[PDB]
Amino acid sequence: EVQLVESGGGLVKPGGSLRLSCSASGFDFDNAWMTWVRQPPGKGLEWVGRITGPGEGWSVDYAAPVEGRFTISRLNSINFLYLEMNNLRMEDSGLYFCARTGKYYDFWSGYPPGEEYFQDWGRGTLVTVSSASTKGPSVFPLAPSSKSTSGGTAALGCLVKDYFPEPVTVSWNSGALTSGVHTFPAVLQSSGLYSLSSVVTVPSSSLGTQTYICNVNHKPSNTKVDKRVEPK
Amino acid sequence: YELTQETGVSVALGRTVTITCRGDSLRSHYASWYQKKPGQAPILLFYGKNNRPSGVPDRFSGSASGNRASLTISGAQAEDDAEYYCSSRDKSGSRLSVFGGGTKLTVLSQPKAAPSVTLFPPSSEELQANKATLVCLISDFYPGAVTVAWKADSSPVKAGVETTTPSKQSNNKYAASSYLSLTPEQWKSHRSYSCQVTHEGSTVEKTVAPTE
Amino acid sequence: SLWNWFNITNXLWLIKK
């Protein structure tokens, strides 16, 4: 019954600003406590801040590295939670959730102000903070050889290097080749550019008869590259 | 983070496992646990003294003693393979909340598989761009927990290494990729470069050379 | 006003001591 939908996320330059929205329905939004929670890429959850209900005068508590820059607000009339962000840093990436905060306090063992738990969550919206501009992918072939062969089957692929922003879709032989093909996840270099690899395993007795071409596509930079991989 | 958890814990299928969360504020405050799967919203599992939300199976149970809070999963099922976080107050009597380092629960539903490693030297096309990137690909291993190390000759490589986190394949096995960026001078200055991949006590090593 | 959660949790704890 409870529904939570975040929105307003995207790419933004360092020092810039952005306002995330969150709609709620299926419960009493007017008296319910709300909390924003983020998950940096490759890391775990991180408490941002909490907005209280009417009884507490809508008081808001932020995190230490957050306070003085972010601002939480709510509109009970339209059931919308807002997170205004100013002077955005790169560390503020990437994903932000809004959650319905519950309140717990055992009388005999609890200690004030008790504890806060989160009953319901949303899908969250992605907020990427980078100073890098759009760039096309530099494709390099991963040619098969004695250093990269094993029995009747051999391994060859492509190296999609230095592109931005995500994503890059790589197929083979106009999508005809799908078996044994594995597209690895992209790694984010210190330069602020993405890089991945698309490999495919094939019989060694097919290098003379069949030709292999990887089809890299990067819509953010409007670049399609058809690169043929041949043995050394 | 003032709340500490285990980096990673593994458990057999249908057996009991207990993760713990340590913090000074836990002496005065309880802790709430949450299940986190990649690309999915967190889920409240347990909170307070003895409160289990509806929808959560009875195999999940929490406890607290001293500065430690524990979550026990008697008879862990295959789908329990996920990440878990404990939430509580940062300090005793504080209005702020904070999570833990997070713990990756490894449920061995599939049989442990050996990694397939392949090392690609810098293509001549890349070398003309005054760049040299060693691509070390790893795939078809279980569980997703591997250690990759680079060597120049017999000497370990310090900086220049970037590795991805093991991701699910089509057959629910894991795969990762490591890159070692070198300058053409460095690539040609050594006799050979190696890519050591450790997995569950076993180590596979592939080697490449500037020649041929 | 007794509706401050902080006032209540504080109201309730002193009654122990």
# chains A, B, ... in the order shown; residues from 1 in each chain; ligands from 1
>>> interface_residues(of="chain C", to="chain A", cutoff="8 Å", atoms="only C-alpha atoms", output="list in words")
residues 3, 4, 5, 6, 9, 10, 12 and 13 of chain C
>>> write_last_selection(atoms="N, CA, C and O atoms", output="JSON list (two decimals), in the first residue's frame")
[["chain", "number", "residue", "atom", "x", "y", "z"],
["C", 3, "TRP", "N", 4.01, 16.97, 22.75],
["C", 3, "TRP", "CA", 4.08, 16.22, 21.50],
["C", 3, "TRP", "C", 5.47, 16.23, 20.88],
["C", 3, "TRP", "O", 5.69, 15.64, 19.82],
["C", 4, "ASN", "N", 6.42, 16.89, 21.53],
["C", 4, "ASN", "CA", 7.82, 16.74, 21.15],
["C", 4, "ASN", "C", 8.27, 15.35, 21.55],
["C", 4, "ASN", "O", 8.23, 14.99, 22.73],
["C", 5, "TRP", "N", 8.70, 14.55, 20.57],
["C", 5, "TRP", "CA", 9.18, 13.20, 20.85],
["C", 5, "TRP", "C", 10.35, 13.22, 21.83],
["C", 5, "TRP", "O", 10.51, 12.31, 22.64],
["C", 6, "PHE", "N", 11.15, 14.28, 21.76],
["C", 6, "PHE", "CA", 12.30, 14.42, 22.64],
["C", 6, "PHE", "C", 11.87, 14.74, 24.06],
["C", 6, "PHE", "O", 12.49, 14.29, 25.02],
["C", 9, "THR", "N", 10.38, 11.23, 25.46],
["C", 9, "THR", "CA", 11.41, 10.24, 25.77],
["C", 9, "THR", "C", 12.20, 10.69, 26.99],
["C", 9, "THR", "O", 12.70, 9.86, 27.75],
["C", 10, "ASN", "N", 12.30, 12.00, 27.17],
["C", 10, "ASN", "CA", 12.96, 12.57, 28.33],
["C", 10, "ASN", "C", 12.03, 12.57, 29.53],
["C", 10, "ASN", "O", 12.48, 12.37, 30.66],
["C", 12, "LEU", "N", 9.85, 10.34, 30.11],
["C", 12, "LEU", "CA", 9.66, 8.93, 30.49],
["C", 12, "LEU", "C", 10.86, 8.34, 31.22],
["C", 12, "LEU", "O", 10.72, 7.40, 31.99],
["C", 13, "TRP", "N", 12.04, 8.91, 30.98],
["C", 13, "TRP", "CA", 13.26, 8.33, 31.52],
["C", 13, "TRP", "C", 13.54, 8.79, 32.95],
["C", 13, "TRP", "O", 13.98, 8.00, 33.78]]
>>> select_by_dssp(residues="range 11-167 of chain A", states="strand (DSSP E or B)", output="VMD selection string")
chain A and resid 11 to 12 18 to 25 33 to 39 46 to 51 60 to 62 70 to 75 80 to 85 95 to 104 115 to 120 125 to 126 128 to 129 135 138 to 142 149 to 150 153 to 164
>>> interface_residues(of="chain A", to="chain B", cutoff="7 Å", atoms="only C-alpha atoms", output="list in words")
residues 44, 45, 46, 47, 61, 104, 110, 111, 112, 113, 114, 115, 117, 118, 119, 121, 122, 123, 140, 141, 142, 147, 148, 184 and 187 of chain A
>>> select_by_dssp(residues="chain C", states="alpha helix (DSSP H)", output="list in words")
residues 5, 6, 7, 8, 9, 10, 11, 12, 13 and 14 of chain C
>>> residues_around(residues="residue 231 in chain A", least_positions_apart="3", cutoff="12 Å", atoms="only C-alpha atoms", output="ChimeraX atom specification")
/A:141-149,154-157,204,206-208,210-212,228 /B:123
>>> write_last_selection(atoms="N, CA and C atoms", output="PDB file, in the first residue's frame")
ATOM      1  N   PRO A 141      41.691  -3.562 -30.007  1.00  0.00           N
ATOM      2  CA  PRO A 141      41.416  -4.998 -30.087  1.00  0.00           C
ATOM      3  C   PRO A 141      42.272  -5.835 -29.140  1.00  0.00           C
ATOM      4  N   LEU A 142      41.662  -6.846 -28.530  1.00  0.00           N
ATOM      5  CA  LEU A 142      42.378  -7.799 -27.693  1.00  0.00           C
ATOM      6  C   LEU A 142      42.669  -9.056 -28.505  1.00  0.00           C
ATOM      7  N   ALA A 143      43.700  -8.981 -29.339  1.00  0.00           N
ATOM      8  CA  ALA A 143      44.003 -10.041 -30.293  1.00  0.00           C
ATOM      9  C   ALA A 143      44.393 -11.340 -29.588  1.00  0.00           C
ATOM     10  N   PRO A 144      43.863 -12.482 -30.063  1.00  0.00           N
ATOM     11  CA  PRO A 144      44.193 -13.775 -29.451  1.00  0.00           C
ATOM     12  C   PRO A 144      45.594 -14.253 -29.820  1.00  0.00           C
ATOM     13  N   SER A 145      46.194 -15.079 -28.969  1.00  0.00           N
ATOM     14  CA  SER A 145      47.538 -15.586 -29.217  1.00  0.00           C
ATOM     15  C   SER A 145      47.852 -16.784 -28.324  1.00  0.00           C
ATOM     16  N   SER A 146      49.107 -17.222 -28.350  1.00  0.00           N
ATOM     17  CA  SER A 146      49.551 -18.335 -27.520  1.00  0.00           C
ATOM     18  C   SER A 146      49.448 -17.983 -26.040  1.00  0.00           C
ATOM     19  N   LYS A 147      49.542 -16.693 -25.739  1.00  0.00           N
ATOM     20  CA  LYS A 147      49.429 -16.210 -24.368  1.00  0.00           C
ATOM     21  C   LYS A 147      47.969 -16.146 -23.930  1.00  0.00           C
ATOM     22  N   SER A 148      47.056 -16.307 -24.887  1.00  0.00           N
ATOM     23  CA  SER A 148      45.626 -16.181 -24.623  1.00  0.00           C
ATOM     24  C   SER A 148      44.817 -17.281 -25.310  1.00  0.00           C
ATOM     25  N   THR A 149      45.333 -18.506 -25.276  1.00  0.00           N
ATOM     26  CA  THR A 149      44.640 -19.654 -25.855  1.00  0.00           C
ATOM     27  C   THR A 149      44.620 -20.810 -24.862  1.00  0.00           C
ATOM     28  N   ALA A 154      39.613 -20.516 -27.944  1.00  0.00           N
ATOM     29  CA  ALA A 154      40.499 -19.369 -27.771  1.00  0.00           C
ATOM     30  C   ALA A 154      39.699 -18.146 -27.332  1.00  0.00           C
ATOM     31  N   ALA A 155      40.388 -17.165 -26.754  1.00  0.00           N
ATOM     32  CA  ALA A 155      39.740 -15.972 -26.215  1.00  0.00           C
ATOM     33  C   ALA A 155      40.227 -14.702 -26.906  1.00  0.00           C
ATOM     34  N   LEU A 156      39.277 -13.898 -27.375  1.00  0.00           N
ATOM     35  CA  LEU A 156      39.572 -12.612 -28.000  1.00  0.00           C
ATOM     36  C   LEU A 156      38.481 -11.608 -27.645  1.00  0.00           C
ATOM     37  N   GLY A 157      38.806 -10.320 -27.705  1.00  0.00           N
ATOM     38  CA  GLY A 157      37.851  -9.288 -27.342  1.00  0.00           C
ATOM     39  C   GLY A 157      38.267  -7.883 -27.732  1.00  0.00           C
ATOM     40  N   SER A 204      39.332 -22.530 -31.942  1.00  0.00           N
ATOM     41  CA  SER A 204      40.566 -22.124 -32.606  1.00  0.00           C
ATOM     42  C   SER A 204      40.515 -22.458 -34.095  1.00  0.00           C
ATOM     43  N   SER A 206      38.279 -21.799 -36.154  1.00  0.00           N
ATOM     44  CA  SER A 206      37.329 -20.895 -36.796  1.00  0.00           C
ATOM     45  C   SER A 206      37.949 -19.532 -37.110  1.00  0.00           C
ATOM     46  N   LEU A 207      39.246 -19.388 -36.854  1.00  0.00           N
ATOM     47  CA  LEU A 207      39.923 -18.110 -37.060  1.00  0.00           C
ATOM     48  C   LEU A 207      40.190 -17.826 -38.535  1.00  0.00           C
ATOM     49  N   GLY A 208      40.248 -18.883 -39.338  1.00  0.00           N
ATOM     50  CA  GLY A 208      40.510 -18.752 -40.761  1.00  0.00           C
ATOM     51  C   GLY A 208      39.237 -18.631 -41.573  1.00  0.00           C
ATOM     52  N   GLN A 210      35.930 -17.779 -40.073  1.00  0.00           N
ATOM     53  CA  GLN A 210      35.049 -16.734 -39.553  1.00  0.00           C
ATOM     54  C   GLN A 210      35.821 -15.512 -39.062  1.00  0.00           C
ATOM     55  N   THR A 211      35.298 -14.336 -39.394  1.00  0.00           N
ATOM     56  CA  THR A 211      35.865 -13.066 -38.953  1.00  0.00           C
ATOM     57  C   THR A 211      35.068 -12.524 -37.771  1.00  0.00           C
ATOM     58  N   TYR A 212      35.746 -11.808 -36.877  1.00  0.00           N
ATOM     59  CA  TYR A 212      35.127 -11.311 -35.651  1.00  0.00           C
ATOM     60  C   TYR A 212      35.230  -9.794 -35.528  1.00  0.00           C
ATOM     61  N   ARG A 228      37.367  -4.792 -36.012  1.00  0.00           N
ATOM     62  CA  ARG A 228      37.645  -6.193 -36.307  1.00  0.00           C
ATOM     63  C   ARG A 228      38.891  -6.670 -35.569  1.00  0.00           C
TER      64      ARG A 228
ATOM     65  N   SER B 123      48.031  -3.942 -27.059  1.00  0.00           N
ATOM     66  CA  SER B 123      47.967  -4.073 -28.508  1.00  0.00           C
ATOM     67  C   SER B 123      48.845  -3.012 -29.161  1.00  0.00           C
TER      68      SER B 123
END
>>> atom_distance(atom1="CA of residue 160 in chain A", atom2="CA of residue 135 in chain A")
12.0 Å
>>> residues_around(residues="residue 87 in chain A", least_positions_apart="2", cutoff="10 Å", atoms="only C-alpha atoms", output="VMD selection string")
chain A and resid 13 to 18 68 to 70 85 89
>>> residues_around(residues="residue 176 in chain A", least_positions_apart="2", cutoff="12 Å", atoms="only C-alpha atoms", output="PyMOL selection string")
chain A and resi 171-174+178-181+212-215
>>> write_last_selection(atoms="N, CA and C atoms", output="PDB file, in the first residue's frame")
ATOM      1  N   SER A 171      28.124  -5.239 -28.814  1.00  0.00           N
ATOM      2  CA  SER A 171      27.689  -6.504 -29.397  1.00  0.00           C
ATOM      3  C   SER A 171      28.767  -7.016 -30.346  1.00  0.00           C
ATOM      4  N   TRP A 172      28.529  -8.180 -30.943  1.00  0.00           N
ATOM      5  CA  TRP A 172      29.502  -8.802 -31.838  1.00  0.00           C
ATOM      6  C   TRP A 172      28.854  -9.334 -33.110  1.00  0.00           C
ATOM      7  N   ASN A 173      29.507  -9.078 -34.240  1.00  0.00           N
ATOM      8  CA  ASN A 173      29.017  -9.512 -35.544  1.00  0.00           C
ATOM      9  C   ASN A 173      27.567  -9.098 -35.773  1.00  0.00           C
ATOM     10  N   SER A 174      27.277  -7.832 -35.491  1.00  0.00           N
ATOM     11  CA  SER A 174      25.943  -7.265 -35.678  1.00  0.00           C
ATOM     12  C   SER A 174      24.911  -7.962 -34.797  1.00  0.00           C
ATOM     13  N   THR A 178      26.157 -14.091 -29.809  1.00  0.00           N
ATOM     14  CA  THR A 178      25.708 -13.814 -28.448  1.00  0.00           C
ATOM     15  C   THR A 178      26.171 -14.893 -27.470  1.00  0.00           C
ATOM     16  N   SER A 179      26.473 -16.076 -27.994  1.00  0.00           N
ATOM     17  CA  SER A 179      26.911 -17.191 -27.162  1.00  0.00           C
ATOM     18  C   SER A 179      28.387 -17.056 -26.801  1.00  0.00           C
ATOM     19  N   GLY A 180      28.694 -17.240 -25.521  1.00  0.00           N
ATOM     20  CA  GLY A 180      30.062 -17.166 -25.040  1.00  0.00           C
ATOM     21  C   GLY A 180      30.561 -15.743 -24.870  1.00  0.00           C
ATOM     22  N   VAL A 181      29.734 -14.774 -25.250  1.00  0.00           N
ATOM     23  CA  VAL A 181      30.095 -13.366 -25.130  1.00  0.00           C
ATOM     24  C   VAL A 181      29.816 -12.871 -23.715  1.00  0.00           C
ATOM     25  N   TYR A 212      35.746 -11.808 -36.877  1.00  0.00           N
ATOM     26  CA  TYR A 212      35.127 -11.311 -35.651  1.00  0.00           C
ATOM     27  C   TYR A 212      35.230  -9.794 -35.528  1.00  0.00           C
ATOM     28  N   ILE A 213      34.078  -9.151 -35.359  1.00  0.00           N
ATOM     29  CA  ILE A 213      33.998  -7.699 -35.247  1.00  0.00           C
ATOM     30  C   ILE A 213      33.110  -7.309 -34.071  1.00  0.00           C
ATOM     31  N   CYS A 214      33.635  -6.462 -33.189  1.00  0.00           N
ATOM     32  CA  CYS A 214      32.862  -5.955 -32.062  1.00  0.00           C
ATOM     33  C   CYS A 214      32.189  -4.643 -32.445  1.00  0.00           C
ATOM     34  N   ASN A 215      30.938  -4.484 -32.022  1.00  0.00           N
ATOM     35  CA  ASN A 215      30.154  -3.294 -32.337  1.00  0.00           C
ATOM     36  C   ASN A 215      29.900  -2.449 -31.095  1.00  0.00           C
TER      37      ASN A 215
END
>>> atom_distance(atom1="CA of residue 128 in chain A", atom2="CA of residue 11 in chain A")
4.6 Å
>>> residues_around(residues="residue 19 in chain A", least_positions_apart="5", cutoff="9 Å", atoms="only C-alpha atoms", output="ChimeraX atom specification")
/A:7-9,82-86
>>> residues_around(residues="residue 151 in chain B", least_positions_apart="5", cutoff="6 Å", atoms="only C-alpha atoms", output="MDAnalysis selection string")
chainID B and resid 156:157 193:194
>>> write_last_selection(atoms="N, CA, C and O atoms", output="mmCIF file, in the first residue's frame")
data_model
loop_
_atom_site.group_PDB
_atom_site.id
_atom_site.type_symbol
_atom_site.label_atom_id
_atom_site.label_comp_id
_atom_site.auth_asym_id
_atom_site.auth_seq_id
_atom_site.Cartn_x
_atom_site.Cartn_y
_atom_site.Cartn_z
ATOM 1 N N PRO B 156 56.358 -6.680 -7.054
ATOM 2 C CA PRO B 156 54.941 -6.295 -7.050
ATOM 3 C C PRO B 156 54.696 -4.884 -7.579
ATOM 4 O O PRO B 156 55.521 -3.997 -7.361
ATOM 5 N N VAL B 157 53.573 -4.690 -8.265
ATOM 6 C CA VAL B 157 53.199 -3.376 -8.778
ATOM 7 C C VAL B 157 52.329 -2.655 -7.756
ATOM 8 O O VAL B 157 51.320 -3.188 -7.297
ATOM 9 N N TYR B 193 55.488 -9.257 -17.326
ATOM 10 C CA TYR B 193 54.485 -8.792 -16.373
ATOM 11 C C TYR B 193 53.536 -9.935 -16.036
ATOM 12 O O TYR B 193 53.178 -10.724 -16.911
ATOM 13 N N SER B 194 53.130 -10.017 -14.772
ATOM 14 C CA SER B 194 52.281 -11.110 -14.304
ATOM 15 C C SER B 194 50.986 -10.590 -13.692
ATOM 16 O O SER B 194 50.904 -9.435 -13.271
#
>>> atom_distance(atom1="CA of residue 109 in chain B", atom2="CA of residue 41 in chain A")
26.5 Å
>>> closest_residue(among="B:64, B:71, B:82, B:134", to="residue 107 in chain B", atoms="only C-alpha atoms")
B:82
